[PDB]
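Each chain, written out:
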Amino acid sequence: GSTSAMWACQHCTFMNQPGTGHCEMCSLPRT
Ligand SMILES: [Zn+2]
């Protein structure tokens, strides 16, 4: 809801918040 810049994971293939470097799908890091 209006944030900095989300990201697209390369495991679960879902969108994630700019602060959730991990993930709400796989449970892994952004890197
Ligand atoms: Zn993920």
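Residues numbered from 1 in each chain as written, not as in the entry; some residues may be left out. Heavy atoms only, no water.

Structure determination for the deposited model, as stated in its record, used solution NMR.

J.: Got a sec to walk through the overall build of the protein? Specific residues and values, please.
T.: The secondary structure content of the protein amounts to zero helices and two strands. When the backbone C-alpha atoms are referred to their principal axes, the protein occupies close to 25 × 15 × 15 Å. Classification of the 31 residues of the protein by burial places 13% in the buried group. Sequence-distant contacts in the protein: of pairs separated by 6 or more residues, those separated by 24 or more amount to 0%. (Helix = DSSP H or I, 4+ residues; strand = E, 2+ residues; numbered from the N terminus. Buried < 20%, exposed > 50% of the residue type's maximum accessible area, 1.4 Å probe, protein only. Contact = heavy atoms within 4.5 Å.)

J.: Describe in detail the environment of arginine 30, supporting the description with residues and values.
T.: Relative to the elements of secondary structure, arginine 30 occurs in the segment after strand 2 (15-16). Taking the relative accessible area as the measure of exposure, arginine 30 reaches 45% and is therefore partly exposed. Once the C-alpha coordinates of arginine 30 and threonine 20 are considered, the two residues, 10 residues apart in sequence, prove to be 8.2 Å apart. Setting aside residues no more than four positions away along its own chain, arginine 30 makes contact with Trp7, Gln10, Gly21 and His22.

J.: So what's going on with the coordination of the zinc ion? Residues and values would help.
T.: Protein ligation of the zinc ion involves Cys9 (SG), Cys12 (SG), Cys23 (SG) and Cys26 (SG), the donor distances falling in the range 2.3 to 2.4 Å. Considered as a linear motif, the donors of the zinc ion on their single chain read C-x2-C-x10-C-x2-C. Placement of the pair is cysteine 12 in the loop between strand 1 (7-8) and strand 2 and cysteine 23 in the segment after strand 2, with a sequence separation of 11 residues. Given the relative accessible area of 11%, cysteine 23 is considered buried. (Donors = N, O, S within 2.8 Å, 3.2 Å for Na, K, Ca; no water.)

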